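*Asks:* Sharing a structure, written as structure tokens. Questions coming.
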Amino acid sequence: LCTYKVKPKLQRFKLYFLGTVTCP
């Protein structure tokens, strides 16, 4: 995706904690 760019919890990818090497 990498297109929302609001508070990240809508997809959690910007938290990185689980290996989510993606942007919201």
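Labels for the structure tokens follow display order: chains A, B, ..., residues from 1 in each chain, ligands from 1.
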List the neighbours of residue 22 (chain A) out to 8 Å using only C-alpha atoms; skip same-chain residues closer than 4 positions along the sequence, and give me the result as a ChimeraX atom specification.

*Replies:* /A:2,13-14

*Asks:* Selected residues, N, CA, C and O atoms, written as an mmCIF file, in the first residue's frame, please.

*Replies:*
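Output saved as part-v9.cif:
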```cif
data_model
loop_
_atom_site.group_PDB
_atom_site.id
_atom_site.type_symbol
_atom_site.label_atom_id
_atom_site.label_comp_id
_atom_site.auth_asym_id
_atom_site.auth_seq_id
_atom_site.Cartn_x
_atom_site.Cartn_y
_atom_site.Cartn_z
ATOM 1 N N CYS A 2 1.373 1.689 1.165
ATOM 2 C CA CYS A 2 2.231 2.874 1.362
ATOM 3 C C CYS A 2 1.597 4.161 0.798
ATOM 4 O O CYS A 2 2.164 4.849 -0.056
ATOM 5 N N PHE A 13 2.158 -1.282 9.818
ATOM 6 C CA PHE A 13 3.449 -1.604 9.185
ATOM 7 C C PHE A 13 4.589 -0.700 9.696
ATOM 8 O O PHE A 13 5.691 -1.179 9.948
ATOM 9 N N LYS A 14 4.286 0.572 10.002
ATOM 10 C CA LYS A 14 5.241 1.558 10.559
ATOM 11 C C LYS A 14 5.690 1.264 12.009
ATOM 12 O O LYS A 14 6.479 2.018 12.568
#
```

*Asks:* Can you pull out every residue within 9 Å of residue 5 (chain A), counting only C-alpha atoms, but drop anything in the same chain fewer than 3 positions away, and send it as number ranges by chain?

*Replies:* A: 2, 8, 23-24
